[PDB]
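What follows is one structure encoded as structure tokens, with my remarks underneath.
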Amino acid sequence: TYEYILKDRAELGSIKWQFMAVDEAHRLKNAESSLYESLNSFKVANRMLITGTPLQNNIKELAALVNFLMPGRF
DNA sequence: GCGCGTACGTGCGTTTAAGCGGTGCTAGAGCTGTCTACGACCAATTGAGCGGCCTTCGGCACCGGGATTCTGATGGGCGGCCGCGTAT
Numbered sequence: 491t492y493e494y495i496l497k498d499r500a501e502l503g504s505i506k507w508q509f510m511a512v513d514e515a516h517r518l519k520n521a522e523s524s525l526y527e528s529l530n531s532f533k534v535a536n537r538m539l540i541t542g543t544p545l546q547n548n549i550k551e552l553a554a555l556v557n558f559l560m561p562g563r564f
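For the first sequence, the deposited numbering begins at 491 and goes up steadily by one.
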């Protein structure tokens, strides 16, 4: 669960991962949240976002989903 | 010191609401930008304010004069002294 990530970061962070999937990924609307920086701490290889959030009301949402998986792109 | 009483500490179970991190929204602080009113400053004149000096009537508490009330020597008259004293 989302709260179990913020509550337990040392147990899940000490394990290596390679694939990450999330349903209803609208929680990453702002790039200044604890979950946004928390998911970026896990050393993974590939990610996958399965959601249908409106990426047109704010550019920080689409850009947040761009740099969330590809750090460097605009 | 001692003794009576009971209330408050310690426990468990039940229960209730803080704390967490999640998002959204807009209000109200903070910044910013132009104008100008109100306060500082310098001037000259004026009387409120301070030192210097002594004021007057009213109120607390001691006072003042005059009629009136109570105590003391005075005094004739009715009675009692029984004891020295003159007359036959």
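Where is the CB? At the ideal position from N, CA and C, for every residue including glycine.
**Item:** beta strand (DSSP E) segment containing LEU529, residue limits
**Value:** Looking at the DSSP string, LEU529 is not in any beta strand (DSSP E); the run it does join, the alpha helix (DSSP H), is 524-529.
**Prompt:** Which of the three DSSP states, helix, strand or coil, is assigned to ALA511?
**Reply:** In this structure, DSSP gives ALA511 an extended state, which the three-state scheme calls strand.
**Prompt:** Mapping DSSP to helix, strand and coil, what is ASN557?
**Reply:** Judged by DSSP in its simplified three-state form, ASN557 adopts helix.
**Item:** DSSP bridge partner residues for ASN536 (one or two, in chain order)
**Value:** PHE509, per the DSSP bridge assignment.
**Message:** If you measure between the beta carbons of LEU525 and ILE505, is that distance less than 8 Å?
**Reply:** No, the pair does not count as a contact, with Cβ atoms beyond the cut-off.
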